[PDB]
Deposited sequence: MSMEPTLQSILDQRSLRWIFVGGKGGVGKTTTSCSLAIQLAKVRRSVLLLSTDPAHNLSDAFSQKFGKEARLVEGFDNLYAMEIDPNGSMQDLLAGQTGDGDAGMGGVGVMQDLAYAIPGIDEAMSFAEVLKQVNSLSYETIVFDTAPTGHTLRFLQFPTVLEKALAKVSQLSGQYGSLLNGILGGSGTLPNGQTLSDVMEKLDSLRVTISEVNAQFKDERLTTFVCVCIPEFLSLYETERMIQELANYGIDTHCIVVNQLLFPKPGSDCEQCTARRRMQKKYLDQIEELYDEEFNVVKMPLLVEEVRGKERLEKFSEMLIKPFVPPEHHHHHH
């Protein structure tokens, strides 16, 4: 079994690209933000890069971000930018190459649901004058980068409902097929009733989620770090609340 924390992401310093994925709503951003805050604590510098056509990076930190990286207020180490990339993904590849030439030690990508993620992958494995070679080559490289387990992983985020877990299975399975490494699941928005507190809803709710949780661990227990974030009463926004939240990523919540 495996420590239910992202300590390993912190420890694996070769990591250059960390992708965060999951169904809509599960808390992809909240996590990306959290994760980068934690990494930024033990790296030379960290870039938080969001591709949502709209961007919730700024909304997350109540600070205007842009296609121009900048320092996240309250950190001197963390930066964030918000951009907009059979060929809606050539442009996407270029960003990476260019961005990979920047001096940020680690990059945490926040991205539009597997739809476009999964579509990018679909790409290398589909393509199969020197401006033909030259492009492809450039994918070749990127692609190797993705499959290089020292350089790239995926973090899966989900909640304990049917559709979310299902998609998490498919995703884990795709990444495998593509040979992209993944070894972390973040199960978010867990309702932990308060102890000695009897609530029908509260109880029954934990009852149903727990039936998912159980399954998640029985299945990924041994080759995934399965973190478990609690559902908070307020949204997780602003430097403060995100930092607190993020601690739970690294050292397990257990009430």
item	value
Deposited residues absent from the coordinates (by C-alpha)	1, 87 to 120, 164 to 199, 327 to 334
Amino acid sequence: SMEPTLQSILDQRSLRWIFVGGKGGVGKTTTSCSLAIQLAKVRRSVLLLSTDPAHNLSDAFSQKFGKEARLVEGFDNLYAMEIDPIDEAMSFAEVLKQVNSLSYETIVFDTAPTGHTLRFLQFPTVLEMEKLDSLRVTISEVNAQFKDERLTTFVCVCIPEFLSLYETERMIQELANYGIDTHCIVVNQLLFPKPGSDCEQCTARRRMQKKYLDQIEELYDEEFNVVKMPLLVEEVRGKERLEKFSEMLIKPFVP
From here on, numbers count along this sequence of modelled residues.
property: Higher-scoring stretch by recorded Cα B factor average, 146 to 154 or 129 to 137; result: 129 to 137
property: 181 to 189 versus 107 to 115 - greater average Cα B-factor per the deposited record; result: 107 to 115
property: Criterion, highest CA B-factor; candidates, 172, 86, 159, 163; result: 86
property: Residue with highest C-alpha B-factor in the PDB entry, from 226, 47, 208, 199; result: 199
property: Within-chain third of residue 195 by Cα B-factor, per the entry; result: highest
property: Chain-wide C-alpha B factor ranking for residue 43, given as lowest, middle or highest third; result: middle
property: Entry-reported Cα temperature factor of residue 167, expressed as the chain third it lands in; result: lowest
property: CA B-factor ranking of residue 28, expressed as a third of its chain; result: lowest
